[PDB]
Number of protein chains: 2
Amino acid sequence: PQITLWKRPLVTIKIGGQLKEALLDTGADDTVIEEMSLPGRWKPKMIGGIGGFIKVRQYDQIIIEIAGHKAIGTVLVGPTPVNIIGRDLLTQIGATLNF
Amino acid sequence: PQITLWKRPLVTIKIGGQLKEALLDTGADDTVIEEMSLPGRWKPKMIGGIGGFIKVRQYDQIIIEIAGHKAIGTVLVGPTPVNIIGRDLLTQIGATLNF
Ligand SMILES: CCCC[C@@H](CN[C@@H](CCCC)C(=O)N[C@@H](CCC(N)=O)C(=O)N[C@@H](CCCNC(N)=[NH2+])C(N)=O)NC(=O)[C@@H](NC(=O)[C@@H](NC(C)=O)[C@@H](C)O)[C@@H](C)CC
């Protein structure tokens, strides 16, 4: 699809068998999701944003559907204001920015 | 142009007669620029994201040159760690997400 930006580019994602809304974010290196239960072990990761840094839990090889496209990769879980799909997963679904 | 997301989508803009590197951020509602002087009246605003909030100065009807295009709108100025081009200006140059 082609998504204009007059509104926030929010899509439905499926992770852990649950449907959630997430923001397609070209300004994010990684994918960060709100607090939830994911399988396996996690490693620490520090990420930064507009207000500063926060600690998140890094889970690798997590299966996640983004707007109907399946992706398998790293998902960071933590106190993020909104679920964001970063470049790591946007590249897996073949997303490009055009103008 | 079609911009792949293997690396951060950075662009050079010209604002206030100054050339600046900026990040095309679909996850950003507004355009936020590092401290600089802009003409006219402004109003304080608090913007948030990963790490919390920062207080910025809001200037309206500011012209920015981006990728040959000369767009106009609201620009927020403050202690942002990265110059961010948000949806407010990305819409004006007709930027869309495609996959
Ligand atoms: C979570 C909130 C929604 C997404 C977020 C993404 N912003 C980018 C901006 C670029 C950095 C300042 C970001 O935080 N990217 C992070 C996301 C986390 C991540 N790990 O991917 C990132 O790439 N961080 C890198 C570091 C980038 C450093 N870059 C650099 N030094 N040049 C990282 N690996 O930690 N948008 C925002 O922060 C914007 N906020 C908004 O759009 C609105 N706020 C909300 C909560 O919707 C508005 C009402 O304030 C800001 C710019 C104001 C308009």
# chains A, B, ... in the order shown; residues from 1 in each chain; ligands from 1
>>> calpha_fit_and_write(fixed="chain B", moving="chain A", output="JSON list (two decimals) with C-alpha atoms, in the first residue's frame")
[["chain", "number", "residue", "atom", "x", "y", "z"],
["A", 1, "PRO", "CA", 13.08, 10.15, -4.94],
["A", 2, "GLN", "CA", 12.78, 6.75, -3.28],
["A", 3, "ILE", "CA", 14.68, 6.43, -0.05],
["A", 4, "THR", "CA", 15.42, 3.02, 1.44],
["A", 5, "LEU", "CA", 15.97, 2.69, 5.17],
["A", 6, "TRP", "CA", 19.22, 0.75, 5.48],
["A", 7, "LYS", "CA", 20.73, 4.06, 6.61],
["A", 8, "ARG", "CA", 19.10, 6.95, 8.51],
["A", 9, "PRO", "CA", 16.91, 8.92, 6.04],
["A", 10, "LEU", "CA", 18.93, 12.13, 6.45],
["A", 11, "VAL", "CA", 18.37, 14.97, 4.00],
["A", 12, "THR", "CA", 19.64, 18.49, 3.62],
["A", 13, "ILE", "CA", 17.23, 21.23, 4.66],
["A", 14, "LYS", "CA", 17.48, 24.99, 4.27],
["A", 15, "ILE", "CA", 16.06, 27.17, 7.01],
["A", 16, "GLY", "CA", 16.99, 30.76, 7.79],
["A", 17, "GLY", "CA", 19.26, 30.69, 4.76],
["A", 18, "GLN", "CA", 21.30, 27.93, 6.41],
["A", 19, "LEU", "CA", 21.81, 24.36, 5.27],
["A", 20, "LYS", "CA", 21.32, 21.67, 7.92],
["A", 21, "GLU", "CA", 20.86, 17.90, 7.95],
["A", 22, "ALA", "CA", 17.51, 16.57, 9.14],
["A", 23, "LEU", "CA", 15.92, 13.16, 9.59],
["A", 24, "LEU", "CA", 12.73, 12.34, 7.66],
["A", 25, "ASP", "CA", 10.63, 11.00, 10.51],
["A", 26, "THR", "CA", 7.29, 9.24, 10.00],
["A", 27, "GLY", "CA", 7.15, 8.66, 13.76],
["A", 28, "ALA", "CA", 7.08, 12.39, 14.50],
["A", 29, "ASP", "CA", 3.92, 14.50, 14.44],
["A", 30, "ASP", "CA", 5.95, 17.70, 14.25],
["A", 31, "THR", "CA", 9.18, 19.12, 12.89],
["A", 32, "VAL", "CA", 11.80, 19.81, 15.55],
["A", 33, "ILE", "CA", 15.08, 21.60, 14.87],
["A", 34, "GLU", "CA", 18.09, 22.30, 17.07],
["A", 35, "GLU", "CA", 18.60, 25.65, 18.77],
["A", 36, "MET", "CA", 18.76, 28.46, 16.19],
["A", 37, "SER", "CA", 17.49, 31.98, 15.49],
["A", 38, "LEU", "CA", 14.15, 32.28, 13.70],
["A", 39, "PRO", "CA", 12.22, 35.49, 12.93],
["A", 40, "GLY", "CA", 9.06, 36.62, 14.71],
["A", 41, "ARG", "CA", 7.34, 35.60, 17.92],
["A", 42, "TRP", "CA", 7.09, 32.10, 19.31],
["A", 43, "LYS", "CA", 4.53, 30.33, 21.51],
["A", 44, "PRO", "CA", 5.19, 27.54, 24.04],
["A", 45, "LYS", "CA", 4.75, 23.87, 23.20],
["A", 46, "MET", "CA", 5.39, 20.64, 25.07],
["A", 47, "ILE", "CA", 6.40, 17.61, 23.02],
["A", 48, "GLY", "CA", 7.10, 14.04, 24.05],
["A", 49, "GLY", "CA", 9.50, 11.38, 22.94],
["A", 50, "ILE", "CA", 11.02, 8.08, 24.04],
["A", 51, "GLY", "CA", 12.62, 9.59, 27.16],
["A", 52, "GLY", "CA", 9.82, 11.95, 28.15],
["A", 53, "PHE", "CA", 8.71, 15.54, 27.56],
["A", 54, "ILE", "CA", 10.60, 18.71, 26.68],
["A", 55, "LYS", "CA", 9.60, 22.35, 26.17],
["A", 56, "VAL", "CA", 10.19, 23.84, 22.73],
["A", 57, "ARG", "CA", 9.63, 27.16, 20.96],
["A", 58, "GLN", "CA", 6.91, 27.13, 18.33],
["A", 59, "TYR", "CA", 7.36, 29.33, 15.25],
["A", 60, "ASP", "CA", 4.57, 29.36, 12.63],
["A", 61, "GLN", "CA", 4.72, 29.92, 8.84],
["A", 62, "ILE", "CA", 8.48, 29.41, 8.60],
["A", 63, "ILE", "CA", 9.83, 28.82, 5.11],
["A", 64, "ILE", "CA", 11.90, 25.66, 5.02],
["A", 65, "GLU", "CA", 13.34, 23.63, 2.15],
["A", 66, "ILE", "CA", 13.42, 19.87, 2.63],
["A", 67, "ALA", "CA", 15.54, 17.96, 0.13],
["A", 68, "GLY", "CA", 14.82, 20.62, -2.49],
["A", 69, "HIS", "CA", 11.08, 20.83, -1.82],
["A", 70, "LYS", "CA", 9.83, 24.08, -0.34],
["A", 71, "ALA", "CA", 7.52, 23.93, 2.66],
["A", 72, "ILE", "CA", 6.04, 26.69, 4.81],
["A", 73, "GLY", "CA", 4.75, 25.81, 8.24],
["A", 74, "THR", "CA", 5.37, 25.23, 11.91],
["A", 75, "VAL", "CA", 8.90, 24.58, 13.13],
["A", 76, "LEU", "CA", 9.60, 23.68, 16.74],
["A", 77, "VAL", "CA", 12.98, 24.77, 18.12],
["A", 78, "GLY", "CA", 14.51, 23.13, 21.19],
["A", 79, "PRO", "CA", 16.87, 20.57, 22.82],
["A", 80, "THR", "CA", 16.21, 17.77, 20.33],
["A", 81, "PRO", "CA", 18.92, 15.08, 19.88],
["A", 82, "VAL", "CA", 18.60, 15.41, 16.09],
["A", 83, "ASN", "CA", 16.79, 17.70, 13.63],
["A", 84, "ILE", "CA", 13.64, 15.84, 12.61],
["A", 85, "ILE", "CA", 11.18, 16.53, 9.81],
["A", 86, "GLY", "CA", 7.76, 15.45, 11.04],
["A", 87, "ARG", "CA", 4.52, 14.51, 9.32],
["A", 88, "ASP", "CA", 3.36, 18.13, 9.26],
["A", 89, "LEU", "CA", 6.06, 18.99, 6.72],
["A", 90, "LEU", "CA", 6.41, 15.55, 5.12],
["A", 91, "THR", "CA", 2.80, 15.92, 3.94],
["A", 92, "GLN", "CA", 3.71, 19.27, 2.35],
["A", 93, "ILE", "CA", 6.50, 17.70, 0.27],
["A", 94, "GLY", "CA", 4.25, 14.84, -0.83],
["A", 95, "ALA", "CA", 6.06, 12.09, 1.08],
["A", 96, "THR", "CA", 4.43, 8.67, 1.54],
["A", 97, "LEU", "CA", 5.66, 5.45, 3.14],
["A", 98, "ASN", "CA", 5.47, 2.46, 0.81],
["A", 99, "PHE", "CA", 6.01, -1.31, 0.93]]
>>> select_by_dssp(residues="chain B", states="strand (DSSP E)", output="PyMOL selection string")
chain B and resi 2-4+10-15+18-24+31-34+42-49+52-66+69-78+84-85+96-98
>>> decode(residues="range 47-77 of chain B", atoms="N, CA and C atoms", output="PDB file, in the first residue's frame")
ATOM      1  N   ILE B  47       6.945  18.745  24.016  1.00  0.00           N
ATOM      2  CA  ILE B  47       6.827  17.611  23.108  1.00  0.00           C
ATOM      3  C   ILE B  47       7.488  16.394  23.743  1.00  0.00           C
ATOM      4  N   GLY B  48       6.879  15.232  23.546  1.00  0.00           N
ATOM      5  CA  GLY B  48       7.414  14.021  24.132  1.00  0.00           C
ATOM      6  C   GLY B  48       7.663  12.864  23.186  1.00  0.00           C
ATOM      7  N   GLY B  49       8.375  11.870  23.710  1.00  0.00           N
ATOM      8  CA  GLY B  49       8.712  10.674  22.963  1.00  0.00           C
ATOM      9  C   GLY B  49       9.534   9.807  23.895  1.00  0.00           C
ATOM     10  N   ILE B  50      10.418   8.982  23.339  1.00  0.00           N
ATOM     11  CA  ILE B  50      11.276   8.118  24.147  1.00  0.00           C
ATOM     12  C   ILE B  50      12.131   9.019  25.035  1.00  0.00           C
ATOM     13  N   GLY B  51      12.139   8.742  26.336  1.00  0.00           N
ATOM     14  CA  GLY B  51      12.933   9.545  27.250  1.00  0.00           C
ATOM     15  C   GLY B  51      12.175  10.654  27.957  1.00  0.00           C
ATOM     16  N   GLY B  52      10.981  10.980  27.468  1.00  0.00           N
ATOM     17  CA  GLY B  52      10.195  12.026  28.099  1.00  0.00           C
ATOM     18  C   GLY B  52       9.916  13.237  27.230  1.00  0.00           C
ATOM     19  N   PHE B  53       9.755  14.389  27.878  1.00  0.00           N
ATOM     20  CA  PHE B  53       9.446  15.652  27.206  1.00  0.00           C
ATOM     21  C   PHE B  53      10.535  16.703  27.257  1.00  0.00           C
ATOM     22  N   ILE B  54      10.490  17.603  26.278  1.00  0.00           N
ATOM     23  CA  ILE B  54      11.388  18.755  26.205  1.00  0.00           C
ATOM     24  C   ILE B  54      10.512  19.955  25.840  1.00  0.00           C
ATOM     25  N   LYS B  55      10.903  21.117  26.342  1.00  0.00           N
ATOM     26  CA  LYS B  55      10.172  22.346  26.081  1.00  0.00           C
ATOM     27  C   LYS B  55      10.802  22.999  24.869  1.00  0.00           C
ATOM     28  N   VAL B  56       9.953  23.370  23.912  1.00  0.00           N
ATOM     29  CA  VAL B  56      10.400  23.993  22.667  1.00  0.00           C
ATOM     30  C   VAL B  56       9.631  25.279  22.385  1.00  0.00           C
ATOM     31  N   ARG B  57      10.118  26.052  21.414  1.00  0.00           N
ATOM     32  CA  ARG B  57       9.478  27.301  21.000  1.00  0.00           C
ATOM     33  C   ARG B  57       8.821  27.057  19.646  1.00  0.00           C
ATOM     34  N   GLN B  58       7.534  27.373  19.553  1.00  0.00           N
ATOM     35  CA  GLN B  58       6.792  27.162  18.321  1.00  0.00           C
ATOM     36  C   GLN B  58       6.684  28.403  17.436  1.00  0.00           C
ATOM     37  N   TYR B  59       7.193  28.283  16.213  1.00  0.00           N
ATOM     38  CA  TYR B  59       7.148  29.356  15.230  1.00  0.00           C
ATOM     39  C   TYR B  59       6.263  28.878  14.101  1.00  0.00           C
ATOM     40  N   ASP B  60       5.335  29.724  13.678  1.00  0.00           N
ATOM     41  CA  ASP B  60       4.434  29.357  12.595  1.00  0.00           C
ATOM     42  C   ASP B  60       4.889  29.947  11.267  1.00  0.00           C
ATOM     43  N   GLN B  61       4.377  29.380  10.179  1.00  0.00           N
ATOM     44  CA  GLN B  61       4.664  29.850   8.826  1.00  0.00           C
ATOM     45  C   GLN B  61       6.144  30.059   8.495  1.00  0.00           C
ATOM     46  N   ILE B  62       6.940  29.048   8.814  1.00  0.00           N
ATOM     47  CA  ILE B  62       8.369  29.067   8.557  1.00  0.00           C
ATOM     48  C   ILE B  62       8.610  28.266   7.283  1.00  0.00           C
ATOM     49  N   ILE B  63       9.340  28.860   6.341  1.00  0.00           N
ATOM     50  CA  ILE B  63       9.650  28.199   5.077  1.00  0.00           C
ATOM     51  C   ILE B  63      10.920  27.384   5.207  1.00  0.00           C
ATOM     52  N   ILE B  64      10.862  26.137   4.765  1.00  0.00           N
ATOM     53  CA  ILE B  64      12.023  25.271   4.812  1.00  0.00           C
ATOM     54  C   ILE B  64      12.195  24.683   3.429  1.00  0.00           C
ATOM     55  N   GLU B  65      13.442  24.604   2.980  1.00  0.00           N
ATOM     56  CA  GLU B  65      13.750  24.013   1.692  1.00  0.00           C
ATOM     57  C   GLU B  65      14.192  22.591   1.983  1.00  0.00           C
ATOM     58  N   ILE B  66      13.553  21.626   1.338  1.00  0.00           N
ATOM     59  CA  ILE B  66      13.895  20.226   1.539  1.00  0.00           C
ATOM     60  C   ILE B  66      13.781  19.414   0.248  1.00  0.00           C
ATOM     61  N   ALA B  67      14.923  18.910  -0.215  1.00  0.00           N
ATOM     62  CA  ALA B  67      14.989  18.113  -1.432  1.00  0.00           C
ATOM     63  C   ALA B  67      14.490  18.904  -2.641  1.00  0.00           C
ATOM     64  N   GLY B  68      14.914  20.163  -2.742  1.00  0.00           N
ATOM     65  CA  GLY B  68      14.502  21.003  -3.855  1.00  0.00           C
ATOM     66  C   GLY B  68      13.150  21.659  -3.663  1.00  0.00           C
ATOM     67  N   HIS B  69      12.339  21.092  -2.777  1.00  0.00           N
ATOM     68  CA  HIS B  69      11.013  21.624  -2.499  1.00  0.00           C
ATOM     69  C   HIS B  69      11.108  22.730  -1.455  1.00  0.00           C
ATOM     70  N   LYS B  70      10.236  23.721  -1.571  1.00  0.00           N
ATOM     71  CA  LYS B  70      10.211  24.835  -0.637  1.00  0.00           C
ATOM     72  C   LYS B  70       8.877  24.784   0.117  1.00  0.00           C
ATOM     73  N   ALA B  71       8.868  24.087   1.251  1.00  0.00           N
ATOM     74  CA  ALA B  71       7.668  23.933   2.070  1.00  0.00           C
ATOM     75  C   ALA B  71       7.535  24.983   3.175  1.00  0.00           C
ATOM     76  N   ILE B  72       6.311  25.191   3.658  1.00  0.00           N
ATOM     77  CA  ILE B  72       6.065  26.165   4.724  1.00  0.00           C
ATOM     78  C   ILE B  72       5.139  25.631   5.821  1.00  0.00           C
ATOM     79  N   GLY B  73       5.459  25.977   7.065  1.00  0.00           N
ATOM     80  CA  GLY B  73       4.656  25.536   8.189  1.00  0.00           C
ATOM     81  C   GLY B  73       5.273  25.834   9.545  1.00  0.00           C
ATOM     82  N   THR B  74       4.765  25.142  10.559  1.00  0.00           N
ATOM     83  CA  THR B  74       5.219  25.281  11.937  1.00  0.00           C
ATOM     84  C   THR B  74       6.512  24.516  12.197  1.00  0.00           C
ATOM     85  N   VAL B  75       7.443  25.179  12.877  1.00  0.00           N
ATOM     86  CA  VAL B  75       8.720  24.585  13.227  1.00  0.00           C
ATOM     87  C   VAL B  75       8.920  24.806  14.715  1.00  0.00           C
ATOM     88  N   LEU B  76       9.281  23.742  15.420  1.00  0.00           N
ATOM     89  CA  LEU B  76       9.518  23.827  16.850  1.00  0.00           C
ATOM     90  C   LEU B  76      11.030  23.865  17.032  1.00  0.00           C
ATOM     91  N   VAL B  77      11.503  24.761  17.899  1.00  0.00           N
ATOM     92  CA  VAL B  77      12.936  24.926  18.157  1.00  0.00           C
ATOM     93  C   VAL B  77      13.239  24.660  19.623  1.00  0.00           C
TER      94      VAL B  77
END
